[PDB]
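Chemist: Below you'll find protein.txt; it's compact mmCIF, C-alpha atoms.
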# COMPACT_ATOMS: atom_id res chain seq x y z
CA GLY T 101 -97.61 14.11 58.79
CA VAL T 102 -94.61 15.77 57.20
CA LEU T 103 -91.21 14.97 58.67
CA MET T 104 -87.85 13.68 57.49
CA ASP T 105 -87.49 10.85 59.97
CA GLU T 106 -84.51 8.61 60.58
CA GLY T 107 -84.61 5.09 61.99
CA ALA T 108 -82.64 3.39 64.74
CA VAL T 109 -78.90 2.81 64.34
CA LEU T 110 -77.11 0.45 66.74
CA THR T 111 -73.95 1.40 68.62
CA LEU T 112 -70.67 -0.51 68.36
CA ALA T 113 -68.81 -1.39 71.54
CA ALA T 114 -65.12 -0.48 71.44
CA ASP T 115 -64.10 -2.78 74.28
CA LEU T 116 -66.94 -5.29 74.48
CA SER T 117 -67.36 -6.16 70.81
CA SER T 118 -64.24 -5.09 68.93
CA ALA T 119 -61.32 -2.81 69.78
CA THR T 120 -62.04 0.45 68.00
CA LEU T 121 -59.98 3.65 67.97
CA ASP T 122 -59.92 6.94 66.10
CA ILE T 123 -57.85 8.04 63.11
CA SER T 124 -58.25 11.35 61.31
CA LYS T 125 -60.01 11.02 57.96
CA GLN T 126 -61.64 14.44 58.22
CA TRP T 127 -60.45 17.92 57.26
CA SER T 128 -60.09 21.44 58.66
CA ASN T 129 -63.72 22.61 58.66
CA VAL T 130 -65.02 21.08 61.88
CA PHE T 131 -68.39 22.26 63.31
CA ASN T 132 -67.41 25.83 62.34
CA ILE T 133 -70.83 26.86 61.01
CA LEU T 134 -72.46 25.15 63.98
CA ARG T 135 -70.26 27.14 66.35
CA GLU T 136 -71.30 30.40 64.70
CA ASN T 137 -75.02 29.57 64.70
CA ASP T 138 -74.68 28.04 68.19
CA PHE T 139 -75.86 24.51 67.51
CA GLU T 140 -73.77 23.56 70.54
CA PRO T 141 -71.36 21.18 68.77
CA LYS T 142 -69.23 18.69 70.68
CA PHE T 143 -65.45 18.34 70.90
CA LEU T 144 -64.92 15.37 73.19
CA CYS T 145 -63.59 12.11 71.81
CA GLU T 146 -61.12 9.34 72.64
CA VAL T 147 -58.16 11.37 71.47
CA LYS T 148 -55.06 9.34 70.72
CA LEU T 149 -52.26 10.91 72.67
CA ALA T 150 -49.61 11.32 70.03
CA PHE T 151 -47.00 12.69 72.39
CA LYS T 152 -43.22 12.64 72.38
CA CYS T 153 -41.73 10.00 74.66
CA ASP T 154 -38.02 9.15 74.71
CA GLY T 155 -37.52 10.39 71.17
CA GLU T 156 -40.45 8.65 69.51
CA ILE T 157 -44.08 9.73 69.20
CA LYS T 158 -46.50 7.48 71.06
CA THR T 159 -50.18 6.93 70.24
CA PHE T 160 -52.57 6.03 73.05
CA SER T 161 -56.32 5.90 72.44
CA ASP T 162 -56.92 4.37 75.87
CA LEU T 163 -55.74 5.53 79.29
CA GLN T 164 -55.98 1.92 80.47
CA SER T 165 -53.43 1.01 77.81
CA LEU T 166 -51.41 4.12 78.68
CA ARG T 167 -51.55 2.95 82.31
CA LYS T 168 -49.59 -0.18 81.39
CA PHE T 169 -47.00 2.01 79.69
CA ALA T 170 -46.80 4.78 82.29
CA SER T 171 -46.42 2.27 85.12
CA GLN T 172 -43.34 0.58 83.67
CA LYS T 173 -42.02 4.02 82.72
CA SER T 174 -39.68 5.06 85.54
CA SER T 175 -40.17 8.73 84.65
CA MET T 176 -43.91 8.69 83.90
CA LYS T 177 -44.53 6.57 87.00
CA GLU T 178 -44.64 9.76 89.06
CA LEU T 179 -46.76 11.61 86.56
CA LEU T 180 -49.89 9.48 86.23
CA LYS T 181 -49.58 8.46 89.89
CA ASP T 182 -52.54 10.70 90.74
CA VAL T 183 -55.05 8.70 88.70
CA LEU T 184 -53.14 5.42 88.56
CA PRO T 185 -51.85 3.63 91.71
CA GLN T 186 -48.07 3.35 91.59
CA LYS T 187 -45.23 2.43 93.94
CA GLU T 188 -43.60 -0.80 92.95
CA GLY Z 1 -28.16 3.03 76.63
CA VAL Z 2 -30.72 0.25 76.89
CA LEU Z 3 -34.42 0.99 77.37
CA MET Z 4 -37.72 -0.49 76.21
CA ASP Z 5 -38.33 -1.85 72.72
CA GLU Z 6 -41.78 -2.81 71.46
CA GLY Z 7 -43.25 -5.20 68.92
CA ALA Z 8 -44.89 -4.43 65.59
CA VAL Z 9 -47.90 -2.14 65.63
CA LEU Z 10 -50.08 -1.41 62.60
CA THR Z 11 -52.89 1.05 61.90
CA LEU Z 12 -56.48 0.80 60.68
CA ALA Z 13 -57.86 2.10 57.39
CA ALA Z 14 -60.08 5.07 58.17
CA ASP Z 15 -63.37 4.06 56.57
CA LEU Z 16 -61.52 2.49 53.64
CA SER Z 17 -61.54 -0.96 55.25
CA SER Z 18 -63.95 -0.38 58.11
CA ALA Z 19 -65.87 2.65 59.37
CA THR Z 20 -63.86 4.57 61.93
CA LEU Z 21 -66.15 5.85 64.66
CA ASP Z 22 -65.39 7.38 68.06
CA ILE Z 23 -67.06 6.17 71.25
CA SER Z 24 -66.26 7.62 74.65
CA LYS Z 25 -65.34 5.13 77.34
CA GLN Z 26 -62.80 7.45 78.95
CA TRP Z 27 -63.35 9.57 82.06
CA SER Z 28 -62.54 12.99 83.51
CA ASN Z 29 -58.72 13.13 83.42
CA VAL Z 30 -57.97 13.93 79.79
CA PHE Z 31 -54.16 13.78 79.28
CA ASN Z 32 -53.83 16.60 81.85
CA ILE Z 33 -50.52 15.47 83.34
CA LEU Z 34 -48.92 15.00 79.91
CA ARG Z 35 -49.80 18.61 79.11
CA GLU Z 36 -48.42 19.88 82.41
CA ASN Z 37 -45.19 18.01 81.73
CA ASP Z 38 -45.17 19.16 78.10
CA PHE Z 39 -45.21 15.79 76.37
CA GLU Z 40 -47.43 17.68 73.91
CA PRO Z 41 -50.55 15.48 73.83
CA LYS Z 42 -52.87 15.53 70.85
CA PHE Z 43 -56.51 16.62 70.54
CA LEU Z 44 -57.14 16.61 66.82
CA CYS Z 45 -59.31 13.54 66.35
CA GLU Z 46 -62.57 12.42 64.76
CA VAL Z 47 -64.95 14.06 67.21
CA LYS Z 48 -68.70 13.51 67.16
CA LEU Z 49 -70.71 16.60 66.51
CA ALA Z 50 -73.32 16.10 69.19
CA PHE Z 51 -75.31 19.22 68.46
CA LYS Z 52 -78.92 20.34 68.52
CA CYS Z 53 -80.45 20.13 65.06
CA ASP Z 54 -84.15 20.77 64.49
CA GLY Z 55 -84.99 19.90 68.08
CA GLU Z 56 -83.00 16.68 68.34
CA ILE Z 57 -79.39 16.08 69.33
CA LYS Z 58 -77.45 14.61 66.43
CA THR Z 59 -74.11 12.80 66.67
CA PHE Z 60 -71.85 13.06 63.64
CA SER Z 61 -68.43 11.52 64.18
CA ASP Z 62 -67.88 11.63 60.43
CA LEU Z 63 -68.41 14.98 58.71
CA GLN Z 64 -68.51 13.17 55.37
CA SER Z 65 -71.66 11.47 56.59
CA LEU Z 66 -72.81 14.88 57.84
CA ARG Z 67 -72.61 16.15 54.25
CA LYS Z 68 -75.16 13.46 53.40
CA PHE Z 69 -77.39 14.86 56.14
CA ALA Z 70 -77.12 18.63 55.66
CA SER Z 71 -77.76 18.21 51.94
CA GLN Z 72 -81.24 16.81 52.55
CA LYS Z 73 -81.72 19.12 55.53
CA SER Z 74 -83.03 22.39 54.08
CA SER Z 75 -82.16 24.04 57.39
CA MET Z 76 -78.52 22.94 57.35
CA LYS Z 77 -78.36 23.37 53.58
CA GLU Z 78 -78.37 27.09 54.30
CA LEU Z 79 -75.60 26.69 56.81
CA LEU Z 80 -73.17 24.41 55.04
CA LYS Z 81 -73.89 25.74 51.53
CA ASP Z 82 -70.93 28.09 52.04
CA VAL Z 83 -68.44 25.23 52.32
CA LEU Z 84 -70.32 22.44 50.52
CA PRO Z 85 -71.31 22.58 46.82
CA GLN Z 86 -74.99 23.52 46.66
CA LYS Z 87 -76.84 24.27 43.42
CA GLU Z 88 -80.13 24.66 45.24
Represent the structure of the file as structure tokens.
Modeler:
Amino acid sequence: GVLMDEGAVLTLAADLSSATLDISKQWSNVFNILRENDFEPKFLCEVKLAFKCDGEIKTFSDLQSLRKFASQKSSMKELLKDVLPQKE
Amino acid sequence: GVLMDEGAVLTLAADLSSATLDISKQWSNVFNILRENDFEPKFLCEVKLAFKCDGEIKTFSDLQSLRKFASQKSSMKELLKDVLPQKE
């Protein structure tokens, strides 16, 4: 009868179709109103770990990619060891 | 000292060249070890607002696109009218 209906939008595959990552194009007001009115907003995404390593900031949007880095990192080798098999 | 150089890495235009959208293919361990070792991991990324709106769960990874939604949504028009320009 009366409804504002949306159709069906396909999903893009980040590993299967084309390598896709995140980059901030948004601003400071994030789900604030939704948090107050309890719309139960989300907050889980493929965060790119922009962390400080050896003097430079790294950006990893994939732990699989970070695995390749952490493994050959003598220091980080003993850090990610718990989720990534080490010992070379 | 000698260490580990890399090649040449570039970035992607956020929505300017192609739509930047987040899709979770990661698992449970979210940069935990990096935090415990104080590499200072990130967290600020383009998250999808997977919230309950009008009975259905919506996913908005781009709040710009959400502005297009809440403007036609009378319900959310009364929520976001405080931050978004509403003449209605």
Chemist: Could you superimpose chain Z onto chain T using every C-alpha atom, matched in order, and tell me the RMSD in Å?
Modeler: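 RMSD over all C-alpha atoms: 1.2 Å.
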Chemist: Using only C-alpha atoms, find all polymer residues with an atom at most 12 Å away from the point (-60.3, 13.6, 85.8); report them as a PyMOL selection string.
Modeler: (chain T and resi 163+180+182-184) or (chain Z and resi 26-33)
Chemist: Which of these, T:185, T:141, T:107, T:101, has the shortest distance to chain Z once you count all atoms listed in the file?
Modeler: T:141
Chemist: Show me a table, sorted first by chain and then by increasing residue number, of the residues of chain T having an atom at most 7 Å from chain Z, each with its shortest atom pair and the distance in Å to one decimal, counting all atoms listed in the file and written as JSON lines.
Modeler:
{"residue": "T:114", "atom": "CA", "partner": "Z:23", "partner_atom": "CA", "distance": 6.9}
{"residue": "T:121", "atom": "CA", "partner": "Z:22", "partner_atom": "CA", "distance": 6.6}
{"residue": "T:122", "atom": "CA", "partner": "Z:22", "partner_atom": "CA", "distance": 5.8}
{"residue": "T:123", "atom": "CA", "partner": "Z:14", "partner_atom": "CA", "distance": 6.2}
{"residue": "T:124", "atom": "CA", "partner": "Z:45", "partner_atom": "CA", "distance": 5.6}
{"residue": "T:125", "atom": "CA", "partner": "Z:14", "partner_atom": "CA", "distance": 6.0}
{"residue": "T:126", "atom": "CA", "partner": "Z:63", "partner_atom": "CA", "distance": 6.8}
{"residue": "T:131", "atom": "CA", "partner": "Z:49", "partner_atom": "CA", "distance": 6.9}
{"residue": "T:133", "atom": "CA", "partner": "Z:79", "partner_atom": "CA", "distance": 6.4}
{"residue": "T:139", "atom": "CA", "partner": "Z:52", "partner_atom": "CA", "distance": 5.3}
{"residue": "T:140", "atom": "CA", "partner": "Z:51", "partner_atom": "CA", "distance": 5.1}
{"residue": "T:141", "atom": "CA", "partner": "Z:51", "partner_atom": "CA", "distance": 4.4}
{"residue": "T:142", "atom": "CA", "partner": "Z:49", "partner_atom": "CA", "distance": 4.9}
{"residue": "T:143", "atom": "CA", "partner": "Z:47", "partner_atom": "CA", "distance": 5.7}
{"residue": "T:144", "atom": "CA", "partner": "Z:47", "partner_atom": "CA", "distance": 6.1}
{"residue": "T:145", "atom": "CA", "partner": "Z:47", "partner_atom": "CA", "distance": 5.2}
{"residue": "T:146", "atom": "CA", "partner": "Z:24", "partner_atom": "CA", "distance": 5.8}
{"residue": "T:147", "atom": "CA", "partner": "Z:43", "partner_atom": "CA", "distance": 5.6}
{"residue": "T:148", "atom": "CA", "partner": "Z:42", "partner_atom": "CA", "distance": 6.6}
{"residue": "T:149", "atom": "CA", "partner": "Z:42", "partner_atom": "CA", "distance": 5.0}
{"residue": "T:150", "atom": "CA", "partner": "Z:42", "partner_atom": "CA", "distance": 5.4}
{"residue": "T:151", "atom": "CA", "partner": "Z:41", "partner_atom": "CA", "distance": 4.7}
{"residue": "T:152", "atom": "CA", "partner": "Z:39", "partner_atom": "CA", "distance": 5.5}
{"residue": "T:153", "atom": "CA", "partner": "Z:39", "partner_atom": "CA", "distance": 7.0}
{"residue": "T:179", "atom": "CA", "partner": "Z:33", "partner_atom": "CA", "distance": 6.3}
{"residue": "T:180", "atom": "CA", "partner": "Z:33", "partner_atom": "CA", "distance": 6.7}
Chemist: Distance CA of residue 5 (chain Z)-CA of residue 167 (chain T), one decimal place?
Modeler: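 According to the coordinates, CA of residue 5 (chain Z) and CA of residue 167 (chain T) are separated by 17.0 Å.
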Chemist: Counting only C-alpha atoms, which residue out of T:117, T:109, T:102, T:187 sits closest to residue 170 (chain T)?
Modeler: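 When distances to residue 170 (chain T) are compared using only C-alpha atoms, the smallest one comes from T:187.
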